[PDB]
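Chemist: Residue numbers (the authors' numbering), protein chains in the order written: chain J, 77 to 125; chain V, 175 to 217; chain R, 126 to 217; chain N, 1 to 174; chain E, 175 to 217.
The beta carbon of each residue, even a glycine, is placed where N, CA and C say it ideally should be.
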Amino acid sequence: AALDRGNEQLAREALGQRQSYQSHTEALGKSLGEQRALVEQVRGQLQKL
Amino acid sequence: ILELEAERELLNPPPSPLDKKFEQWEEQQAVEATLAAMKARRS
Amino acid sequence: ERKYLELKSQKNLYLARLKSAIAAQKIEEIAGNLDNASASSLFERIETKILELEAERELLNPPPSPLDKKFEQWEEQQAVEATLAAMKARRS
Amino acid sequence: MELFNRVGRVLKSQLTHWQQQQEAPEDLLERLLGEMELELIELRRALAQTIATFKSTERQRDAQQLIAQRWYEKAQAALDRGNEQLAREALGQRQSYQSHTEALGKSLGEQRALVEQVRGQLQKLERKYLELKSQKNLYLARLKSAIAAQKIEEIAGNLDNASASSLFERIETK
Amino acid sequence: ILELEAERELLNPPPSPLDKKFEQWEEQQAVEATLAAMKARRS
Numbered sequence: 077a078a079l080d081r082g083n084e085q086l087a088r089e090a091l092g093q094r095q096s097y098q099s100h101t102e103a104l105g106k107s108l109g110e111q112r113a114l115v116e117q118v119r120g121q122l123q124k125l
Numbered sequence: 175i176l177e178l179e180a181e182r183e184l185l186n187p188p189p190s191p192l193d194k195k196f197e198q199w200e201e202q203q204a205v206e207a208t209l210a211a212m213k214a215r216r217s
Numbered sequence: 126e127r128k129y130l131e132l133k134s135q136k137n138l139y140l141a142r143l144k145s146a147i148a149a150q151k152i153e154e155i156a157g158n159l160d161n162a163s164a165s166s167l168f169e170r171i172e173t174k175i176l177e178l179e180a181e182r183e184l185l186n187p188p189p190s191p192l193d194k195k196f197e198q199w200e201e202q203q204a205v206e207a208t209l210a211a212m213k214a215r216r217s
Numbered sequence: 001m002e003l004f005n006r007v008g009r010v011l012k013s014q015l016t017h018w019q020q021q022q023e024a025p026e027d028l029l030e031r032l033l034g035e036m037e038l039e040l041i042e043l044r045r046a047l048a049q050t051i052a053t054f055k056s057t058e059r060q061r062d063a064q065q066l067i068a069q070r071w072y073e074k075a076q077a078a079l080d081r082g083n084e085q086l087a088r089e090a091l092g093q094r095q096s097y098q099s100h101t102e103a104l105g106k107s108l109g110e111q112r113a114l115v116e117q118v119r120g121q122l123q124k125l126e127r128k129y130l131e132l133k134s135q136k137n138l139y140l141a142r143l144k145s146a147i148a149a150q151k152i153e154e155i156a157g158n159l160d161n162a163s164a165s166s167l168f169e170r171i172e173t174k
Numbered sequence: 175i176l177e178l179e180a181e182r183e184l185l186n187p188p189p190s191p192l193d194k195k196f197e198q199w200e201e202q203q204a205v206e207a208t209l210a211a212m213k214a215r216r217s
């Protein structure tokens, strides 16, 4: 609702603050997906072993 | 103090004038393109 | 008297910068202990140690070949189609 | 041997060097991060010391302007009754305090940048410290996994050839 | 006293000028929009 009432200036400031946290989400998000392969493959070894 | 901080510059390379532009240049999209979805989604 | 007090004010300000700098010196001097030829490079040494060990498995236990990747997949096609061929014919 | 006498001549010191190696650099890595926690608070207190001083000068600016305001308070009605001579004397006294206000005022604004930038470093640095700590266990686990996955397949060598499962083939020959 | 309170500022970050506006700006709705229902419900 920040953009409401046609006060876009307030919305721009809030959105700019959002991107700071988004970068962590992207950097953290990719790592979580990458780590999924590691846990699965090691478990595959254990089951086979 | 001047001696020590310079070690950080070599040890940790500082942002370049290009990386000042990349962040700002992509920030324009990061604010406009993001707000472009805003001005279209919640239009 | 004004000069004496005025100087005293700056004493702590740059003792704080000196304290900040030295407290901001050890933190980034430690940062050197992270990245290169240091803990986070030993972090890259252990991975190399990991690389050394797994190679022993490859020699000690030969890995699947690209042919054995195809044999399993190629026969898997029958193992799924030929098996399902009986399924699509038995339970038709 | 020359070297051998040195090892025995200081065995305590040479065993400490071995302790450094057998204490894995990961094991020392843990203690390394402990020292950073000591410094992080030191920077935390060091920064607060800077915060204390700059606003302390802010009150001094407030105090001086209030006195100048007090002189201005007299100037509020000093000019009245057409006795400008009295007003001139009071105004002249005001400028003495104004100079401090200008000199002190500029410093307060300048110091604002210093406190903000140093805090920016702390916020950026604190994230870096925790971020690294997260990876510590992840690869200690891979190191633990690898070493725990090293002995298991190094043992696998003890099975197949010239080993237990070859002695398994020796007994058959027997 | 000045030294100690600054620890709170670092330890507990204070409200920002933006968060002064967010609360006030949304308070306008929180009073007007809420009262908008009031002036419409109990009209």
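Hey, out of N:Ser165, N:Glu131, N:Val115, whose CA is closest to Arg142 (chain R)'s CA?
Modeler: Checked all of N:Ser165, N:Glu131, N:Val115; the closest Cα to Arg142 (chain R) is N:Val115.
Chemist: How many Å lie between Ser56 (chain N) and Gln117 (chain N) at the Cα?
Modeler: Those two C-alpha atoms are separated by around 19 Å.
Chemist: Name the chain J residues that come within less than 8 Å of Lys195 (chain E), Cβ to Cβ?
Modeler: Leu86
Chemist: Please give the ranges of any alpha helix (DSSP H) in the stretch 65-102 of chain N, keeping only runs that are unbroken, at least 4 residues long and fully inside the region.
Modeler: Those alpha helix (DSSP H) runs which fall completely within the stretch 65-102 of chain N and span 4+ residues do not exist here.
Chemist: Is it true that the CB of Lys136 (chain N) sits closer than 9 Å to the CB of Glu30 (chain N)?
Modeler: yes
Chemist: With distances taken Cα to Cα, identify the nearest neighbour of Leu184 (chain R) among N:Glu169, N:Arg170, N:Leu167, N:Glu154.
Modeler: N:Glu154
Chemist: Among residues of its own chain, excluding the 5 on either side of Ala68 (chain N), which ones have a beta-carbon nearer than 8 Å to its beta-carbon?
Modeler: Closer than 8 Å at Cβ, skipping near neighbours: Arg94, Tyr97, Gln98, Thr101.
Chemist: Examine chain J for any beta-carbon lying closer than 9 Å to the beta-carbon of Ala204 (chain V), and answer yes or no.
Modeler: yes
Chemist: Got a sec: is the Cβ-Cβ distance from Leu132 (chain R) to anything in chain N below 9 Å?
Modeler: no
Chemist: Please identify the residue among N:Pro25, N:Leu79, N:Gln111, N:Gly82 whose C-alpha is closest to the C-alpha of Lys174 (chain R).
Modeler: N:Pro25
Chemist: Grouping DSSP H, G and I as helix and E and B as strand, with all else coil, what is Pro191 (chain E)?
Modeler: helix
Chemist: On the CB-based measure, 16 or more other CB atoms within 10 Å of its CB, does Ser145 (chain R) come out buried or exposed?
Modeler: buried
Chemist: Examine chain N for any beta-carbon lying closer than 9 Å to the beta-carbon of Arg170 (chain R), and answer yes or no.
Modeler: yes
Chemist: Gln150 (chain R) touches chain V at which residues, Cβ-Cβ below 8 Å?
Modeler: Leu178
Chemist: State the start and end residues of the unbroken alpha helix (DSSP H) segment that holds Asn158 (chain R).
Modeler: For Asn158 (chain R), the uninterrupted alpha helix (DSSP H) run begins and ends at 127-160, by DSSP.
Chemist: Take the Cβ of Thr53 (chain N) as the centre, count every other Cβ of all protein chains shown within 10 Å, and call the residue buried at 16 or more, exposed below.
Modeler: buried
Chemist: Using a beta-carbon distance cut-off of less than 7 Å, what residues from the stretch 6-24 of chain N approach chain R?
Modeler: none
Chemist: Compute the Euclidean distance between the alpha carbons of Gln19 (chain N) and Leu125 (chain N), then round it to the nearest angstrom.
Modeler: 32 Å
Chemist: Check the Cβ of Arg182 (chain V) against every Cβ in chain R and list those closer than 7 Å, keeping chain order.
Modeler: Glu153
Chemist: Alpha carbons only, please: which of N:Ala164, N:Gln150, N:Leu159, N:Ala46 is nearest the one belonging to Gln121 (chain J)?
Modeler: Nearest C-alpha to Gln121 (chain J): N:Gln150.
Chemist: Taking the alpha-carbon positions, what's the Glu89 (chain N) to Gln60 (chain N) distance?
Modeler: Answer to the nearest angstrom: the Cα atoms are 24 Å apart.
Chemist: Please check if any C-beta of chain V sits within less than 9 Å of the C-beta of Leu104 (chain J).
Modeler: Taking Cβ atoms only, chain V never reaches closer than 9 Å to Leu104 (chain J), which makes this a no.
Chemist: Determine, using beta carbons only, whether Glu201 (chain E) comes closer than 9 Å to chain J.
Modeler: Chain J, which has no Cβ nearer than 9 Å to the Cβ of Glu201 (chain E), makes this no.
Chemist: So, does the CB of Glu58 (chain N) fall closer than 9 Å to a CB anywhere in chain R?
Modeler: no
Chemist: What separation, rounded to the nearest whole angstrom, lies between the Cα atoms of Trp199 (chain R) and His17 (chain N)?
Modeler: 56 Å
Chemist: Rounded C-beta distance between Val205 (chain V) and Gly82 (chain J)? I'm assuming under 8 Å.
Modeler: Not a contact, Cβ separation roughly 18 Å.
Chemist: Would you say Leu192 (chain E) lies against chain J (beta-carbon separation less than 9 Å)?
Modeler: yes
Chemist: Report the CB separation of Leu159 (chain R) from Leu38 (chain N) in whole angstroms; it is logged as a contact under 8 Å.
Modeler: Rounded to whole angstroms, the Cβ separation of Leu159 (chain R) and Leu38 (chain N) is 16 Å, and the two are not in contact under 8 Å.
Chemist: Using the beta-carbon count (16 or more within 10 Å), is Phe168 (chain N) buried or exposed?
Modeler: With fewer than 16 other Cβ atoms within 10 Å, it is exposed.
Chemist: Determine, using beta carbons only, whether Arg142 (chain N) comes closer than 9 Å to chain J.
Modeler: yes
Chemist: Please list, in chain order, all residues of the same chain as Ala87 (chain J) whose beta carbon is under 8 Å from its beta carbon, the five residues on each side excluded.
Modeler: Result list for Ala87 (chain J): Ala78, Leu79, in chain order.
Chemist: Do the CB positions of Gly157 (chain N) and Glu181 (chain R) come within less than 9 Å of each other?
Modeler: yes
Chemist: Between the alpha carbons of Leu140 (chain N) and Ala211 (chain E), how many angstroms are there, rounded?
Modeler: 59 Å
Chemist: Alpha carbons only, please: which of E:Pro188, E:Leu178, E:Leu192, E:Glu179 is nearest the one belonging to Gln85 (chain J)?
Modeler: Taking the Cα of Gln85 (chain J) as reference, the smallest distance to any Cα among E:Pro188, E:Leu178, E:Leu192, E:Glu179 is reached at E:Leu192.
Chemist: So for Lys174 (chain N), helix, strand or coil by DSSP?
Modeler: Residue state, collapsed to three classes: coil.
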